[PDB]
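Read the structure below first, then the notes.
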Amino acid sequence: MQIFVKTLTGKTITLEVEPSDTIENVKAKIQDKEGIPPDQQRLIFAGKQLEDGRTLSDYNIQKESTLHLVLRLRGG
């Protein structure tokens, strides 16, 4: 299953996830893809900021869904 990770500036990154994959496992994939560590990576889909020990399926993220990738500095 593929999901889109939309960055800030306008880069769309297409990842291949299982929906039985964790939010942690999406960050791992981006560390692989882009080189970003998961420390900085915050994810947003709708309103809340997604925690690591839950799956895409929990959150109810479908096929070809757009997640927003926020790069953590401190917090904002």
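Ordered as shown in the structure tokens, chains take letters A, B, and onward, while each chain numbers its residues from 1 and ligands are numbered from 1 in the order shown.
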
query = Near region 44-55 of chain A, within 7 Å and counting only C-alpha atoms, which residues show up once chain neighbours fewer than 5 positions away are dropped, as a ChimeraX atom specification?
reply = /A:19-24,66-69

request  = Apply DSSP to the backbone of this structure and, from chain A, keep only the residues in helix (DSSP H, G or I); write these as a list in words.
outcome  = residues 23, 24, 25, 26, 27, 28, 29, 30, 31, 32, 33, 56, 57, 58 and 59 of chain A

Convert the current residue selection to file output with C-alpha atoms, as a JSON list (two decimals), in the first residue's frame.
[["chain", "number", "residue", "atom", "x", "y", "z"],
["A", 23, "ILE", "CA", 4.24, 5.24, 12.53],
["A", 24, "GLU", "CA", 7.75, 4.48, 13.63],
["A", 25, "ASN", "CA", 8.13, 2.26, 10.57],
["A", 26, "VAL", "CA", 7.09, 5.13, 8.28],
["A", 27, "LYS", "CA", 9.86, 7.29, 9.79],
["A", 28, "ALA", "CA", 12.34, 4.45, 9.23],
["A", 29, "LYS", "CA", 11.38, 4.49, 5.62],
["A", 30, "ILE", "CA", 12.07, 8.20, 5.42],
["A", 31, "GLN", "CA", 15.42, 7.84, 7.09],
["A", 32, "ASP", "CA", 16.07, 5.33, 4.31],
["A", 33, "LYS", "CA", 14.60, 7.63, 1.63],
["A", 56, "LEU", "CA", -1.56, 3.33, 9.82],
["A", 57, "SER", "CA", -4.69, 1.13, 10.09],
["A", 58, "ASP", "CA", -5.54, 2.38, 13.57],
["A", 59, "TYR", "CA", -5.45, 5.99, 12.42]]

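In this comparison, which uses only C-alpha atoms, the residue of A:74, A:6, A:16, A:63 approaching residue 43 (chain A) most closely is A:6.
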
task = Write down as JSON, numbers by chain the residues of chain A whose backbone DSSP state falls under strand (DSSP E).
result = {"A": [2, 3, 4, 5, 6, 12, 13, 14, 15, 16, 41, 42, 43, 44, 66, 67, 68, 69, 70, 71]}

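Considering only C-alpha atoms, the residue among A:12, A:7, A:70, A:1 positioned nearest to residue 39 (chain A) is A:70.
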
ask   = Of the residues A:72, A:37, A:17, A:60, which is the one nearest to residue 3 (chain A), using only C-alpha atoms?
value = A:17

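Among the candidates A:35, A:8, A:42, A:14, the residue lying nearest to residue 65 (chain A) is A:14 (atoms considered: only C-alpha atoms).
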